[PDB]
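Consider the single chain below, provided in structure tokens and representing the form deposited in one PDB entry.
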């Protein structure tokens, strides 16, 4: 019994050139929205973050993959929607820094405190604040942490580690960039060491590389972090078959999936955007990346297995899933990698909704940490930045532009962006809210102290 409805189909209902044909609605939505409102407790929370997936990115991706009048069966199917602010702070002044990085933002929703760009799980005075994940676990809930990036990257790291700089991946960088956190200096350790201490039930992503580092102190000095993980009782999996093999994941036997040395392979290949690329160069059709792999689980497969594993815990679970590479390909000004990552996220959202619809007590939230550079501009545009023309599903040309930096990497932007949710407590994302409100929304939905 699907008590709470998801939006089944908001594509254009007919011929886009005729009166009414471009409509996404088929009648009045009052009753359906009323039906979507419940203040019942949530047993579970599934948080889905598209890194750098602002409104522009969602739009670009839908145009390409589904057509202008198409509809993301995952992404767009959430019925309660609003916009949220993600500004960070200046460490020195305490004033807003209008354009956050991935670390400050993730700290925001995972602790409820704003912070400076580059920080993870600490405020501007460098104090540690518990994360929603540490809280959930303290409360007896099963916990999951899933990303396509290296596990040390800002997004997934924010839930498990509190370091003064997001660069502090392992022992080596930590000694140098985060002296105060360094193990050998009496600190809590590097991001990777804290991730191992945090012990979520399920952790799946890339970044095996840093696991080859050896600890500088403590019980496992001299051994590699990979070796400490095994010594600590973690089940290590490194390919989709092994992941599929897992039947249990808990505090006694927690799961650690390391599927790449660095970030996981992107879904789609395309050339990088160029100066006047839309005028000089022919239109691009994105193509599947041969290195993607059958041996490499996709995001939706990771999401599906975590939910399976976590759903066995009777008090409920907290799960965050990251579509990491949307931001990474947006910095690289690679349309194809970018949109291909958003499609990949949409598949993961679909798995989360199928579960929640059935369960009836699951709040699913889909948003981004911040906005990014990409823009959709007219086909004959002559822009100072990098552009590329792409052939969409509609059989038309869309041009994408990246013109926010002369430097090599395209930059984040400060615009407020879409947050959407489904399930109990979802009402709290409607309207204008702040990214820190999301921590409180989650805490409250879960009934956490």
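Positions refer to the first chain, counted from 1.
FYI, the form deposited with a partner chain bound isn't displayed, but the following is about it.
Though the partner is left out of this view, residue 232 does not reach within 4.5 Å of the partner chain in the deposited bound form, counting heavy atoms only. The partner chain is not shown here, and in the deposited bound form it never comes within 4.5 Å of any heavy atom of residue 175.
Using a 4.5 angstroms limit between non-hydrogen atoms, residue 101 touches the partner chain in the deposited bound form. By the criterion of a heavy atom within 4.5 Å, residue 331 is excluded from the residues contacting the partner chain in the deposited bound form. The single contact residue among 117, 350, 301, 361, judged by any heavy atom lying within 4.5 Å of the partner chain in the deposited bound form, is 117. Interface residue among 164, 194, 367, 228, judged by heavy atoms within 4.5 Å of the partner chain in the deposited bound form: 164.
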